[PDB]
RNA sequence: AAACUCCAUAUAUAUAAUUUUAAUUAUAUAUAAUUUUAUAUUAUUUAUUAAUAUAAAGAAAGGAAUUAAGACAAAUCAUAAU
Ligand SMILES: [Mg+2]
Ligand SMILES: [Mg+2]
Ligand SMILES: [Mg+2]
Ligand SMILES: [Mg+2]
Ligand SMILES: [Mg+2]
Ligand SMILES: [Mg+2]
């Protein structure tokens, strides 16, 4: 029985034999089943298969030689084969696509849902520059106590009080909640913005549906801005001594 | 606890049974164990710690921090050999690599023959026994570039079997005449 | 791969010379 | 039975509605009332056996159910997923499609039968045998048309029958002779068991190349010829993998040495459908001693190729015709070899 | 099925065990300092593991703030002052508080952990002694 | 208290489900053919939640899991002793004392004893046999009780392998040194060092066979024992040997198989835990796990299945192969032209692609040296001046 | 009795043996139906509207 | 060169018997982003395409370390060594 060596793949001599062979297999399936009209219902009943990523395709069949055009054509044909009427499809199509619409599908079992405390208070923490603010918000009238002191006593600046309010007025609940704010660190502005952020976070516990409104208002986005550190050979951050031509 | 006198003597040396007994009578049953995620203390694998494994536990009789022998108890007196060699096969060859051997190192014709057989399937035996090698010109070639004069080794060589087959090949290298003539010999064998 | 493990309990005499200085 | 199949396909959902219900209400207002009735319901009736059986049921079902199991046929019926509609209600779209298929396969064909009409797929799938090709067939395929006079390569002066409508006309007689010889050589390599590589890069040739390669157990290239494929095989193609096959062309599932798989594997015959745009492959084949075949137009060098086939190369019909003839020659050769080693 | 693995060896593969405090008095306070939190925490786990067997209620490795020394030095041997380079040194601090234990047991704990102290760690021990107002010292 | 009446309550709820005033709802078997199955469905969903908590809160695996994988668990850990160099090894002196002055004193002593160790290596036998024992830097380990000095040494020429066992009847000029280090009773150098450190001292001469397994030994050997081969010009044979000390390894394949092996490790541990989660737990009734704070699955042998010291430890170790090295000869290594000369010999690669596709992350020693790099400079004096041998080695 | 007989009759996967009527032969699901979450109250809807 | 890394960001988990309280904290481990989509308009290697428009979801926006080869016989024999 004479024995001889030949290449594995029919496209062995092409640019990317593995991708070409896989594309040819998918093409055989599609050509065999050009009948079987597609699923009319779309969007809500289409694109559900996640398929595999660029790197996943590269490792399985692509390699460094994988090309984005090649990959996009692959998923184009995969989507064409998946968008077939479900009860006219065949085990051949399902088996072929099985290795392609693989997804890890990590089970989710962490929620960490938040709820009010035993006195009906929502506790939130906010930060800004080098300051932190912990707010106890409980529904009521429009009363506020900052660090055990009156708002006008603690914050002499009007803009700080307006900033504290802003979440309340975007949700027009200024007269519906009592705020007990305790802050430390930074200065007036830092503490005021931290309180504002904490109130914005806390309000969502009462009516979760308005998180979108608060986020659009921007109160739910913490400000990462902080002072840059001084650099060597530089008077400050982004300032160097005077330069001399000679 | 888990096992009291359950043939434990057959599985552990008598010297440790006292420690196991004390552990059973001090750690209570139904203890609410929890794995640690901050720090790691136990090995990723599973071991009973009852045998001193070479290359994975400190060699007895040899100095090392965390030792318990005195300065008068060390039992190592020869240093002409590597203490604690590797375990298992005793070698760490990667997949698809071979221990270096002669490999025709005495004649670069063997390397040329192997390479040309690999690339184009010609006969290594024929190349190694029935071919004659002869340099013709071996000179230094220079290129002037931004950095400076980059000298290059240029060789031209005739390879022939003295029975009709003849070819010539040119080889250019950047490091040594030997690599230059190696390339030239390769090219000549291709161009017989 | 097998070597016996010899044991010696940590008696207070052994732990001596390492008690706190104060 | 069929009633259980036709029970609206979604029934007893009030149980799900209820289990959803009674959860929104707090426990303090329900559980005390229910728990203050056990003292009454205890009474004195014998329960030991029944409660033991119930506890065993809970242990076995609720507490011993295996969520993930294990350590780690013939599709006789088609459209198994397909489901039927109600008798009174109209057809479903899928039912209409299947009835359409039934009609197409049984009644649609009725009427007359077609003859003396061209069908492109038949060129690829039912090519003629080389001994039956006619000058009429080649002319119909269009092999005779060549490039315009203004692009004429004078080295092809022997293959020109004349010039008409501003383009040269190749001599189909010479085309037929050269085609017969090319078919014979491809068939010869097929019996010899060599490697036949069909190379065509122009658009639309992939179908023909793939069909020819599969039916002669060869190989094909249609995307691009990587320079150095044959002259630099070790680098271009060493990473890929080879097979060992018996005389019958069946994989034998034998492990291969790294060096054995890293050796070069060279074609025994190279057929190029687009020599003009594929000069590099011809040069590699010549310098690596691989016999080659090509379709030569009136603007291509015939000397680059061992076995030229004077003909058009810019039309799918002509290239498909010629490639299919070559492929069927190779197929007959493979059939002869398979027959001989199957029965001595 | 296989050879049994007793509780002593099964304990190594889980977090160290603690003994509850029944009175609440602080007998000792051991602060571990090092430039390498890895050895620091490994040795702290060892301490908390020996304390259980020796019957000493130990609170656990409280991470105290780390201290960052900073220096700045020019990169050149001679005049190039516009380029300077910074160097830092972090001191990591852990605390283990020992409650409700006899002085001799505490002594032997400290002695054993000194016997088997790692490299690059340092121990500062504060011992507390209850006493009466007037002591007979003759 | 007991479901004997909650069953009746739920039956009334089913009656309401049909209508608030009707006797009962659509009942195939008096609401027992599939209502019980739905009850079991919700119970098993509760089991699903508790079960994934059970597994998640009891996970600890080495790092190296490729994110592309699907069976990989949520947990990861790079600090495994076998996969990263403890930062205490970064510094030649490993000490912390609350007394800064004592700390300074001890580092001074460490440096001076290291230089003494260097000077104490060279040996003579017969006035025409000069033996140099190249030694790396000293790793001084200052525990609270004892000091340890550890170093790697390479003899210039071990006794010939072809030579018979004659070495068993005399002690080499190097064996004598290593024995007087710490084996002599009242004379060993450790006794003397104990006076300077007021501590118990130990010394460990770890042997190395090849010079290129360490950056210190390699540069030292080139700069001290191979002058004649590059003084007036680098010899071609010397260059060839120096460039072919090590073969051309496939770093990509090595890294890929390492990552795949870590993937297999994690996945088979996950499978062990899952089979204990499902196959076991039969006799032991549920709710005994007390998932709120207790997480004990079962026997450690079953949690760690087919994971012995014989397969796991070796295949996870890092920095095992040398996949790149560069040597720089700089200075006046030429009688001709009387100028500075630099010659660079670079082979292999200098990047660990293990960190490029996996979750293992590189750590910079001293915040400027990549973990996979070890480099050293050694300066010596020839008749023309000083010259430097700089060696950089990359281990994967 | 008949439920036990039915369970013993099958010799395949537990999900296959279960096979609820409304399709979904597999009862593996992630999360405690967190996708639906908690039904909002009428006051919350009024405010949000 | 990018990534990997450190200071910062968010979340979780673990330690502190909250009298080293700063729990609004400290630092060990892990996750996250070099952000995702959806329709718009110009277009255009045709859809597989970018630049925008911005319904939506997200806490997510910075900083520094690293400055190759060659050179200017640039500075350094006053950091030390030659
Ligand atoms: Mg400033
Ligand atoms: Mg043409
Ligand atoms: Mg960079
Ligand atoms: Mg530069
Ligand atoms: Mg000057
Ligand atoms: Mg000087």
*Any idea which of E:70, E:94 is more than 16 Å from ligand 2 (Cβ to nearest atom) and within 14 Å of chain A (Cβ to nearest Cβ)?*
E:70
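Table: residues versus (1) within 12 Å of chain B (Cβ to nearest Cβ); (2) in a loop (DSSP other than H, G, I, E, B).
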residue: F:237; (1), (2): yes, no
residue: F:255; (1), (2): yes, no
residue: F:274; (1), (2): no, no
residue: F:280; (1), (2): no, yes
residue: F:285; (1), (2): no, yes
residue: F:295; (1), (2): yes, yes
residue: F:302; (1), (2): yes, no
residue: F:308; (1), (2): yes, yes
residue: F:315; (1), (2): yes, no
_Among the numbered criteria (1) within 16 Å of RNA strand H (Cβ to nearest atom); (2) away from chain E (no Cβ under 14 Å); (3) closer than 30 Å to residue E:84 by Cα, which one does residue A:245 miss?_
(1)
*asked:* What pairs come out if I take residues in the stretch A:62-80 that are farther than 19 Å from residue A:97 by Cα and pair them with residues that are assigned to a loop (DSSP other than H, G, I, E, B) and more than 16 Å from ligand 1 (Cβ to nearest atom) whose C-beta lies under 8 Å away, six or more apart or interchain?
replied: A:63/A:16; A:63/D:239; A:65/A:15; A:65/A:16; A:66/A:16; A:67/A:16
*Using the structure shown, decide if residue A:189 is over 23 Å from residue G:36 (Cα atoms), surrounded by 13 or more Cβ atoms within 10 Å (Cβ to Cβ), away from chain E (no Cβ under 14 Å) and more than 10 Å from RNA strand H (Cβ to nearest atom).*
yes
*Elements of type strands (runs of 3 or more DSSP E) contained in the stretch D:128-206, each with 3 or more residues being more than 14 Å from chain A (Cβ to nearest Cβ) and away from ligand 2 (no atom under 16 Å from the Cβ)*: D:160-164
_The one condition in (1) within 12 Å of another protein chain (Cβ to nearest Cβ); (2) surrounded by fewer than 17 Cβ atoms within 10 Å (Cβ to Cβ); (3) not in a helix (DSSP H, G or I) that residue F:233 fails to fulfil_ = (1)
*If you go through the stretch B:69-88 one residue at a time, do you hit one that is within 30 Å of residue D:238 (Cβ to Cβ) and part of a loop (DSSP other than H, G, I, E, B)?*
no
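Residues checked against (1) more than 14 Å from chain A (Cβ to nearest Cβ); (2) over 13 Å from the mean Cα position of the chain (by Cα):
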site	(1), (2)
E:39	yes, no
E:53	yes, yes
E:63	yes, no
E:83	no, yes
E:111	yes, yes
_Can you tell me which of (1) part of a loop (DSSP other than H, G, I, E, B); (2) surrounded by fewer than 18 Cβ atoms within 10 Å (Cβ to Cβ) is the one residue F:42 doesn't meet?_
(1)
*Could you name every one of the strands (runs of 3 or more DSSP E) located completely within the stretch E:1-101 that has at least 2 residues being buried (at least 17 other Cβ atoms within 10 Å of the Cβ)?*
E:26-34, E:84-99
*asked:* Can you list the helices (runs of 4 or more DSSP H) lying wholly within the stretch D:1-74 that have 3 or more residues being over 30 Å from residue D:87 (Cβ atoms) and more than 7 Å from chain F (Cβ to nearest Cβ)?
replied: D:31-35, D:38-42, D:48-61
_Looking for something closer than 30 Å to residue G:49 by Cα, within 14 Å of another protein chain (Cβ to nearest Cβ), away from ligand 2 (no atom under 16 Å from the Cβ) and surrounded by fewer than 21 Cβ atoms within 10 Å (Cβ to Cβ) - is there at least one such residue anywhere in the stretch A:216-234?_
yes
*Taking residue B:31, is it more than 26 Å from the chain's Cα centre (by Cα), surrounded by 12 or more Cβ atoms within 10 Å (Cβ to Cβ) and away from chain F (no Cβ under 12 Å)?*
no
*Unmet criterion (only one of (1) within 19 Å of the chain's Cα centre (by Cα); (2) more than 9 Å from RNA strand H (Cβ to nearest atom)) for residue E:26*: (2)
*asked:* Consider the stretch F:1-21. How many of its residues are closer than 13 Å to residue D:35 by Cβ, in a helix (DSSP H, G or I) and within 7 Å of chain D (Cβ to nearest Cβ)?
replied: 4
*For the stretch A:7-106, which fully contained helices (runs of 4 or more DSSP H) count at least 3 residues that are more than 9 Å from every other protein chain (Cβ to nearest Cβ)?*
A:17-32, A:68-82, A:91-98
*If you check residue B:43 against the conditions, is it surrounded by 13 or more Cβ atoms within 10 Å (Cβ to Cβ), under 35 Å from the mean Cα position of the chain (by Cα) and more than 12 Å from chain F (Cβ to nearest Cβ)?*
no
*asked:* When you check residue B:146 against the structure, is it over 33 Å from the mean Cα position of the chain (by Cα) and assigned to a loop (DSSP other than H, G, I, E, B), yes or no?
replied: yes
_Selection status of residue F:117, crowded, with 16+ Cβ neighbours inside 10 Å, more than 26 Å from the chain's Cα centre (by Cα), more than 8 Å from every other protein chain (Cβ to nearest Cβ) and closer than 27 Å to residue F:146 by Cα_ = yes
*Name every residue in the stretch D:126-144 that is closer than 22 Å to residue D:300 by Cα, out of contact with any strand residue (DSSP E or B) (no Cβ under 6 Å at 6 or more places or on another chain) and crowded, with 18+ Cβ neighbours inside 10 Å, in order of residue number.*
D:138, D:141, D:143
*Checking residue F:98 against (1) outside any loop (DSSP other than H, G, I, E, B); (2) out of contact with any helix residue (DSSP H, G or I) (no Cβ under 7 Å at 6 or more places or on another chain); (3) within 30 Å of residue F:368 (Cβ to Cβ), which test does it fail?*
(1)
*Output the residue which, of all residues in the stretch F:147-180 that are in contact with a helix residue (DSSP H, G or I) (Cβ under 9 Å, 6 or more places away or on another chain) and within 14 Å of chain E (Cβ to nearest Cβ), is surrounded by the fewest Cβ atoms within 10 Å (Cβ to Cβ).*
F:149
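Throughout, read-outs are computed from the coordinates displayed, never taken from laboratory work. Note that each Cβ is placed from the backbone with ideal geometry, even for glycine, and that neighbours are counted across all protein chains shown.
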